[PDB]
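# Here is the input, now give the coordinates:
(one chain, ligands or ions: 5)
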Amino acid sequence: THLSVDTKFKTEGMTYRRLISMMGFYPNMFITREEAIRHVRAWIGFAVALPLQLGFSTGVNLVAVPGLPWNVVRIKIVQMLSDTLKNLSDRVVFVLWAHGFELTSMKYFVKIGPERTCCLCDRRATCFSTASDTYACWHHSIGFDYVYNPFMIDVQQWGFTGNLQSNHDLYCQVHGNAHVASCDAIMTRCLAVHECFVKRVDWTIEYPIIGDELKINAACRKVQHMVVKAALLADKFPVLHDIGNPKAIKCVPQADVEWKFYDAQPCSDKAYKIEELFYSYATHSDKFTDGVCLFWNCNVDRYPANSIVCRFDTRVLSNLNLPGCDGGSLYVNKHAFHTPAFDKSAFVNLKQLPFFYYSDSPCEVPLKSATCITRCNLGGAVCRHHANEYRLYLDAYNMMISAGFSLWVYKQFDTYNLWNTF
Ligand SMILES: Cc1c(S(=O)(=O)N2CCc3[nH]ncc3C2)cc(C(=O)NCc2c(F)ccc3occc23)n1C
Ligand SMILES: Nc1ncnc2c1ncn2[C@@H]1O[C@H](CSCC[C@H](N)C(=O)O)[C@@H](O)[C@H]1O
Ligand SMILES: [Zn+2]
Ligand SMILES: [Zn+2]
Ligand SMILES: [Zn+2]
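Residues are numbered from 1 along each chain as shown. Ligands and ions are numbered 1, 2, ... in the order given. Please find the structure below.
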């Protein structure tokens, strides 16, 4: 269920019931680690540095004075949160490294109470207007001055000796402490992301559809089938090493090849078919010498020369792609996939895969393309079926590239060998 307000609160930075009274006030504003993970799209780092500097993981800094007026500050906060979260989440989770002072400040821009709905839609209310005594979601908050029923978590309560700086810098070299509140907010959210996502994928947690997930995923799998099918025809590899496949599902089930599975974290139910292995170039550059390695979004330090690779570019701006640890990003599409920083040095043994369509299937505005590898294109004019399938494939390839995925292949790959298959 929820985080019982009885639960003790480690005071080195007492219970939650006590703490809420001290702060100046949905059984609890604080939620479990498990619930925070489910609502990762809602995470906003929050820190405070007598005029107060308010800092958020969006890099925004606001100063209020008893700076700027509180009535102006509280409007800017609702606007910023509404803008950041309206397409991501139905809520906000403030991510804290709790020093005491940030919890004190919430009374000035936060209101709590029972769960309520937007005056304009069926969505849960995230904002309140003192001026009109009305409740809004993130989409309908244009006037509004108070954050309504925000959730929060203190990362210190997960058992960290040392300060924020020392623990953040253990796993991340990308966020330097320029002595301001936003930098602490950024570092704190980074640390929480490290603790919750970097170690492994949680297959059991699924995230709602918020954009083009289904089309992106369908297109990626079409391209995966085409490319691995094509490579196996072209170079006739006796064995495929599928590195980072924890479910033991072949993308080409018909393929005449020995299909070997590996993963750092194989699913229990298929572990019998999958070798536990953590691939690093430094520890396996002399291994998997036979056949071809498939790294379908298996984001290792460096790929060996005999690879087929799909990799997501962490720099891509998308509602699916959240800021991550150490130049990486957290790609939330069905599940949450922490991705290491896109680094070109990883692809040094490979080349970019060129576009093509290949079909050995039976034949059935005329198409003139060297990239349509079909029986009919070999003989002058392309058949209506293969011309149609070509256009559907080009659509899928374009969907995959715009979604931020890139394709790499062993340097000796060529479509010449696919022309020979006819
Ligand atoms: C968006 C997505 C990807 S990804 O595009 O490869 N990726 C995102 C980018 C990224 N960054 N760091 C890791 C990843 C993985 C994989 C899956 C998935 O659910 N995979 C289960 C799965 C297997 F694990 C194995 C075979 C299988 O066939 C059919 C499903 C299946 N999803 C929903
Ligand atoms: N260095 C590494 N060596 C082996 N497996 C790794 C790895 N880094 C990540 N993984 C595994 O890579 C997978 C990425 S998600 C699943 C991707 C899979 N190829 C697909 O088509 O869906 C996870 O199962 C993860 O445990
Ligand atoms: Zn609304
Ligand atoms: Zn960081
Ligand atoms: Zn044809």
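# All the helices of the stretch 101-250 of the chain, residue numbers only.
Taking DSSP state H, counting those that start in this stretch as the test, the helices found in the stretch 101-250 of the chain are 101-105, 164-168, 181-193, 213-235.
# Give the other helices and strands that the first one contacts.
Yep, that's helix 101-105 we're talking about. helix 16-23, strand 43-48, strand 52-56 (3 or more C-beta pairs under 8 Å, 6 or more residues apart in numbering; DSSP states H and E). Where C-beta positions appear, they are placed from N, C-alpha and C, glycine not excepted.
# still on that earlier bit, any chance of the helices of the stretch 101-250 of the chain in a markdown table, plus distance to ligand 3?
Formatted as a markdown table, those follow (distance: least, C-beta to the ion, whole Å):
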| stretch | distance to ligand 3 |
| --- | --- |
| helix 101-105 | 27 |
| helix 164-168 | 35 |
| helix 181-193 | 26 |
| helix 213-235 | 23 |
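# which of the ones you listed sits most buried?
Across the helices of the stretch 101-250 of the chain, the average number of neighbours (mean count of other C-beta atoms under 10 Å) peaks for helix 181-193, which reaches a mean of 25.
# Distance from that helix to the middle of the chain?
17 Å (C-alpha atoms, centre = their mean, to the nearest Å).
# Contact residues of the chain facing ligand 2?
Contact residues (C-beta under 6 Å from any ligand atom) of the chain with ligand 2: 200-201, 243-246, 263-265, 277-279, 296-298, 300, 337.
# Write out the residues of the chain neighbouring ligand 3.
118, 120-121, 123, 137, 139-140 (C-beta under 5 Å from the ion).
# could you redo the last one with a cut-off of 8 Å?
118-123, 125, 136-140 (C-beta under 8 Å from the ion).
# Out of the helices of the stretch 101-250 of the chain, which gets nearest to residue 314?
Nearest to residue 314, of all the helices of the stretch 101-250 of the chain, is helix 181-193, at 12.5 Å by C-beta to C-beta.
# for that closest one, packing partners?
Using 3+ C-beta pairs under 8 Å, 6+ apart: helix 181-193 touches strand 43-48, strand 52-56, strand 93-96, helix 164-168, strand 321-323.
# Recalculate using a threshold of 6 Å.
strand 43-48, strand 52-56, strand 93-96, helix 164-168 (3 or more C-beta pairs under 6 Å, 6 or more residues apart in numbering; DSSP states H and E).
# Including distance to ligand 5, could the ones you listed go into CSV?
Formatted as CSV, the helices and strands packed on helix 181-193 follow (distance: least, C-beta to the ion, whole Å):
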stretch, distance to ligand 5
strand 43-48, 51
strand 52-56, 56
strand 93-96, 54
helix 164-168, 57
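# So which of these is nearest ligand 4?
Comparison of the helices and strands packed on helix 181-193 against ligand 4 by C-beta to the ion identifies helix 164-168 as nearest, at 5.5 Å.
# Can I get the closest one in CSV? Just the C-alpha atoms.
Extracted C-alpha coordinates of helix 164-168, given in CSV (Å, rounded to 0.1, in the frame of the first residue of the first chain):
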residue,chain,number,x,y,z
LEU,A,164,25.2,14.6,-1.2
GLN,A,165,28.5,15.7,-3.0
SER,A,166,30.5,12.6,-1.9
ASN,A,167,27.8,10.0,-2.8
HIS,A,168,26.8,11.7,-6.1
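# For ligand 4, tell me whether that helix is touching it.
Yes. Using C-beta under 8 Å from the ion, helix 164-168 reaches ligand 4 at residue 168.
# Point out the other helices and strands that that helix packs with.
helix 181-193.
# relative orientation of the helix it packs on and strand 52-56 in degrees?
Between helix 181-193 and strand 52-56, the angle comes out at 40 degrees (axes from the mean of the first three to the mean of the last three C-alpha atoms, to 10 degrees).
# And the most centrally placed residue in the chain, how far from residue 101?
When C-alpha atoms, centre = their mean is applied to the chain, the residue found nearest the centroid is residue 331 (1.4 Å). According to C-beta to C-beta, to the nearest Å, residue 331 and residue 101 sit 34 Å apart.
# ok, now residue 1?
31 Å.
# check contacts around residue 332.
Under the criterion of C-beta atoms under 6 Å, 6 or more residues apart in numbering, the neighbours of residue 332 are 207, 320.
# Taking helix 213-235 as reference, get the angle to the helix or strand containing it.
Assessed by DSSP states H and E, residue 332 sits inside strand 329-333. Counting by the same axes, to 10 degrees, strand 329-333 lies at 100 degrees to helix 213-235.
# mind checking how far residue 407 is from ligand 4?
From residue 407 across to ligand 4, the span is 29 Å (C-beta to the ion, to the nearest Å).
# Which residue is the nearest non-sequential neighbour of that residue?
Distances taken as C-beta to C-beta, 6 or more residues apart in numbering place residue 353 nearest to residue 407, at 3.8 Å, with adjacent residues excluded.
# ok, so what distance separates that neighbour from residue 316?
From residue 353 to residue 316 the distance is 18 Å (C-beta to C-beta).
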